[PDB]
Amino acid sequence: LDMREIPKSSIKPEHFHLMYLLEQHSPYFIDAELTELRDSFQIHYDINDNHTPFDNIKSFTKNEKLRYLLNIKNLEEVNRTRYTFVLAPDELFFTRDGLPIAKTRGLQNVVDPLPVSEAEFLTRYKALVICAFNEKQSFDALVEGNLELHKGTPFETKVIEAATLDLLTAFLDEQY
C-alpha cells in the first residue's frame, strides 16, 4: 500500500523524463518519492499524521462527516491537470481542513491509472457515502454489484438513486 512499481517498458522512452511529475508536490495528492531501478520505477508514499484516511470519518459526528463527504468532490479539480487518480477508501485521505487528497497518480497519455467515466466516479462517490454511514458496508461490494438491486436502508436508496453528481451534492447538503 505504501510502494508502487512501474515497469519501464510500460512507459514510452520519450516519456521517462516525465516520471518526476509523480513525485512533484500537488495540493491534491499525498507526497511521493520516485526511485529508478534497472528495469522499473518505484514510488513510495509519505503517509504521515496530517493526512486522515477516509475510513476514519465513519465515527464522526454527522455534521463533520457530511462536511468531509461534501468536500470529496474537490478531487474533480485533478481533471484539469496532467494527473489522474482513483476514488476509493484506500486511495482517499483528508487534510486537517477536511479537503480530499488522493494517493496513486497517473499521467494522461503517459501512465495508468486511466481516468474513469463520470458515471463510475458517481458510483464510487455513492459507495463512499454509504460506507461512511454504515461501517459494516464494503466499498468493493457496492462498486461491483448491481447497485439498484441493493438491499439496505432508505438513506442508502436515496444515495443510490441520485441521478447526477450535482443531485448527490444536493442530497448531502439537505442532510444537515
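Numbering starts at 1 and runs along the sequence shown.
Student: Would 138-146 or 106-114 have the larger average of its C-alpha temperature factors, as given in the entry?
Tutor: In the deposited entry, the stretch with the higher C-alpha B-factor mean is 106-114.
Student: Which has higher Cα B-factors on average according to the PDB entry: 86-94 or 73-81?
Tutor: Per the deposited B-factors, the answer is 73-81.
Student: Could you place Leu66 in the lowest, middle or highest third of its chain by Cα temperature factor, using the values in the record?
Tutor: For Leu66, the deposited C-alpha B-factor lands in the lowest third.
Student: In terms of the chain's CA B-factor thirds, is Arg38 lowest, middle or highest?
Tutor: Tercile = lowest for this residue's CA B-factor.
Student: Using the B-factors in the PDB entry, rank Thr52's C-alpha atom against the chain and give the third, lowest, middle or highest.
Tutor: It falls in the middle third of the chain.
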